[PDB]
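Structure, as C-alpha cells:
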Amino acid sequence: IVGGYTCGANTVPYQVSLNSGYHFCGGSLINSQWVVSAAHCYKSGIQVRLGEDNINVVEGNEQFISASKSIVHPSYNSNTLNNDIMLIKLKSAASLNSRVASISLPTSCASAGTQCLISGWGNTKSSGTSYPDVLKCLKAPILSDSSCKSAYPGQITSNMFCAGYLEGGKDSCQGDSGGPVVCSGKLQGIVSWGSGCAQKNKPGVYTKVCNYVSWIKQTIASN
Ligand SMILES: NC(=[NH2+])c1ccc2[nH]c(-c3cc(OC(F)(F)F)ccc3[O-])nc2c1
Ligand SMILES: [Ca+2]
C-alpha cells in the first residue's frame with residue numbers, strides 16, 4: 001500500500017495473508033471455511049494466515065490453516081486478468097471472534113465516489129521495494145467508468161473498476177494482490193492490477209465482486 005497508514009492490529013479482521021514460506025498475496029475471509037482472493041495469486045502449498053498484523057512475528061491471534069482447495073474462476077484470463085477471482089476452502093474452519101471475522105458479500109455494486117478501505121502487506125514505495133511488517137490501510141474512492149477507461153483504454157472489462165487517486169501518491173501495489181476493497185461493510189473489490197504503483201493518472205484496477213456473488217454462492221454450496 002503506498003501512501004496508506006498502519007491499520008492497527010486486528011482492525012481489519014477479514015484480511016488474510018496467503019503464505020507459501022513468505023507472504024505473497026492478500027485475501028478476504030467470507031465465512032469460516034472460505035476465503036476469496038485473486039486468481040493470479042493461485043499456487044499450491046498455500047497456508048492461509050488469519051488474525052495477522054505483523055507477518056514476521058507470532059504475537060497472538062493468528063490462525064494458520066492450510067488451504068484444502070483453491071478454485072480459480074473457470075473464465076479467468078491471465079493475459080487480461082478478466083475474472084481475476086479465486087475461492088480457497090480451508091482444511092478446517094477458522095474460530096471467528098472479534099479479531100478474525102468474515103466480511104459480507106455485496107447485495108449491490110457500489111457507485112463511483114463510494115469511499116472504500118483497501119488493506120495489505122504489499123509494497124509501500126512506488127519506486128523500489130519496502131515491505132512492511134504490519135498491515136497498511138488506505139481509504140480510496142471508486143472512480144467513474146469514464147476516468148477508469150480513459151486511464152487504461154481497452155484494458156477494463158465490466159468485471160473491473162478503478163479506485164484511487166489520479167494525482168498519484170496513494171495506491172495498492174504488488175503484495176496487496178488478492179486483498180479486499182470494502183465499502184460500507186461489503187466486499188466490493190479484490191486488488192488485481194495497475195501500472196506501477198501510485199503513478200499519476202494510473203489508478204488501481206480491482207475485480208468487481210458484485211458480478212460474482214451468485215457464482216461464489218453456487219460454488220461454495222457445491223464444494
Ligand atoms: N498499482 C496497483 N494498484 C497494483 C495492484 C496490484 C498489483 N499487483 C501487482 C503484481 C506485481 C507483480 O510483480 C510485477 F510487478 F513484476 F509484475 C507480481 C504480482 C502482482 O500481483 N502489481 C500490482 C499493482
Ligand atoms: Ca504475526
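Here, residue 1 is the first one in the sequence, and each next residue gets the next number. Whatever order the structure lists them in is the order used to number ligands and atoms, beginning at 1.
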Vertex the Ca ion (ligand 2), rays to OE1 in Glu52 and O in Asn54 - rounded to 10°: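 The two atoms subtend 80° at the Ca ion (ligand 2).
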Angular separation of OE2 (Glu62) and O (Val57) seen from the Ca ion (ligand 2), to 10°: 90°
Protein heavy atom at shortest distance from atom 14 (C) of ligand 1: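 The protein heavy atom lying closest is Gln174 NE2, 4.2 Å.
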Ligand 1 contact by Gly196, heavy-atom criterion under 4.0 angstrom: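 Yes, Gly196 has heavy atoms under 4.0 Å from ligand 1.
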contact_flag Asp176 ligand 1 heavy-atom lt 4.0 Å: no
Shortest heavy-atom approach to atom 5 (C) of ligand 1 - which of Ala163, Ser172, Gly120: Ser172
Sub-3.5 Å N/O-N/O distance, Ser177 and ligand 1: yes
Contact check: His40 vs ligand 1, nitrogen or oxygen atoms, below 3.5 angstrom: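 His40 vs ligand 1: N/O contact under 3.5 Å present.
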Name of the residue among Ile190, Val35, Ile71, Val72 meeting side-chain contact (heavy atoms from CB on, under 4.5 Å) with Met86: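 Of the listed residues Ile190, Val35, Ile71, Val72, the side-chain contact (heavy atoms from CB on, under 4.5 Å) partner of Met86 is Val72.
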Test applied, side-chain contact (heavy atoms from CB on, under 4.5 Å); reference residue, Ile46; option that passes from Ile65, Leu18, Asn19: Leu18
More than 12 heavy atoms of other groups within 6.0 Å of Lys200 NZ: no
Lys91 atom NZ: more than 12 heavy-atom contacts under 6.0 Å: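 It does not: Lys91 NZ has 12 such atoms or fewer within range.
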Contact partition for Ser192 relative to ligand 1, non-hydrogen atoms under 4.0 Å: backbone
Any protein heavy atom < 4.0 Å from atom 16 (F) of ligand 1: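 Not a single protein heavy atom is under 4.0 Å away.
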Those atoms of ligand 1 less than 4.0 Å from some heavy atom in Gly204: 3 (N)
For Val191, the ligand 1 atoms whose distance to one of its heavy atoms is below 4.0 Å: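 Near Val191, meaning under 4.0 Å from one of its heavy atoms, ligand 1 has 5 (C), 6 (C).
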Between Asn223 and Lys89: side-chain donor-acceptor atoms closer than 3.5 Å: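 On atom types as modelled, these side chains do not qualify, holding no pair under 3.5 Å.
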Derivation and outcome, side-chain contact (heavy atoms from CB on, under 4.5 Å), residues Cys116 and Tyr206: CA-CA 12 Å; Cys116 307; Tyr206 305 90; over 6 Å; no
side-chain contact (heavy atoms from CB on, under 4.5 Å) between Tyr76 and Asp84, intermediate numbers included: CA-CA 6 Å; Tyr76 165 59; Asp84 190 12; 3.7 Å; yes
NZ or CZ of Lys170 within 45° of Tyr165 ring axis and under 6.0 Å: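 Because its charged atom sits under 6.0 Å from the ring centre and within 45° of the axis, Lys170 does stack over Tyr165.
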